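For reference, the chain that follows is the form deposited in one PDB entry, supplied as structure tokens.
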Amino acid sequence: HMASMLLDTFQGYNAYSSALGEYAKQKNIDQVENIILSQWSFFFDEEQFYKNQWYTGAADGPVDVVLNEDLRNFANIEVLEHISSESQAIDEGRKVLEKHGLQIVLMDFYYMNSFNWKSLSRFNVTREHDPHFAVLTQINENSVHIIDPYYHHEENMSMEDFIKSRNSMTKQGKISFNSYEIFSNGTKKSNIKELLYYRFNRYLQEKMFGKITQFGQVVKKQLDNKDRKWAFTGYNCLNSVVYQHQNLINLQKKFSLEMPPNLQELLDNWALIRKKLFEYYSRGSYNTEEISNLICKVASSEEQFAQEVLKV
């Protein structure tokens, strides 16, 4: 685990958007960052909930397909998912690094050291096989250098561990050396007002606020206080929603946008939902009716907010 201070890597709103945005920043690719920072989305998969997979937040994953569509539609940027093999992945990395200097790779977070596993043991943290996105910067004789943009860490990983991480079965499915090529046959210029108008229109038309209500209604039905792991998953999933709210506050300041006056209050409500979910998971604090009521209140507040944003 890393000695130095944290890296000033692009946060985005999830691991995928973090990696795309950090890649775009380092390689001077315009549009990508603004398209990420203007995203406004919510999903809920009740099937994923009862499999205790990542069932809510800004976007399904690990690959953010809606973000890929936005990059194509707004900037004519195509993010191609390549698959490779145990015998080919490193040579293909060498070719990518010589041409581009960076390779975006799907990795099993289990093998990464952005989290100090030794020190976290004390706090009853488990080391899970979760998919994550890293940026490969260097291939050496027996090791590689990777950046973790989402967690603002970097490390030298053994060639053995790097290959293992990129060939691993995770809780969400199999990695086979997946990498992400950012391509344009002719980039297109988008604007902040267009990006927000399209996002907030889609949010209302697809009734994404309804998916918050669904999440809340499903929380209300968790009557078993002895099985709370869903609450930790929910806590982690909603980080993406907090990041979108903060990203929109930061867009408002940068571009002097007119916003409804309760954006910070909505962010605060999401932070409270996350606090109550974590403390419920951790030591059984609060109750599922209390948490459900708050999720259903924010659902209505988010519907109203999206309507008010589209008027201005």
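Position 1 is the first residue in the sequence shown; the rest follow in order. By rigid core we mean the largest C-alpha set that fits within 1.5 Å across both forms.
Enquirer: Per the entry, where is the mean C-alpha temperature factor higher: 37-45 or 257-265?
Expert: For C-alpha atoms only, the mean B-factor is higher in 257-265.
Enquirer: Do the CA atoms of 99-107 or those of 180-188 have the higher mean B-factor in the entry?
Expert: On average, C-alpha B-factors are higher across 180-188.
Enquirer: Compare the CA B factors listed in the entry for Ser87, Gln138, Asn239, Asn124 and report the winner.
Expert: Of the candidates given, the C-alpha B-factor peaks at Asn124.
Enquirer: Among the candidates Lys226, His145, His132, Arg199, give the one with the maximum CA B-factor reported in the record.
Expert: Of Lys226, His145, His132, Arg199, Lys226 has the highest C-alpha B-factor.
Enquirer: Among the modelled residues of its chain, does the C-alpha B-factor of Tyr151 lie in the lowest, middle or highest third?
Expert: Within its chain, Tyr151 is a lowest-third residue by C-alpha B-factor, going by the deposited values.
Enquirer: Compared with the other modelled residues in the chain, in which third is the CA B-factor of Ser168?
Expert: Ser168: CA B-factor falls in the lowest third of its chain.
Enquirer: Which third, lowest, middle or highest, does the CA B-factor of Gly234 fall in along this chain?
Expert: It belongs to the middle third of the chain when residues are ordered by C-alpha B-factor.
Enquirer: Ordered by C-alpha B-factor within the chain, which third holds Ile83? Give me lowest, middle or highest, please.
Expert: According to the entry, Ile83 has a C-alpha B-factor in the chain's middle third.
Enquirer: Which third of the chain holds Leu7 when residues are ordered by C-alpha B factor: lowest, middle or highest?
Expert: As the PDB entry reports it, the C-alpha B-factor of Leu7 lands in the lowest third of its chain.
There is another form of the same protein, the form deposited in another entry; it is not shown, and what comes next is about it.
Enquirer: After superposing on the rigid core, which residue among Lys193, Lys229, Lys221, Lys118 shows a C-alpha displacement of 2 Å or more between the shown form and the other one?
Expert: The one that moves 2 Å or more is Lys118.
Enquirer: Hey, the CA atoms of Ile90 and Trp117 end up closer or farther in that other deposited form than in the shown form, with the change being 3 Å or more?
Expert: Farther apart, by at least 3 Å.
Enquirer: Which way does the C-alpha gap of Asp161 and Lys118 go in that other deposited form, closer or farther, given it changes by 3 angstroms or more?
Expert: Farther apart, which means the C-alphas of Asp161 and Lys118 are at least 3 Å more distant in that other deposited form.
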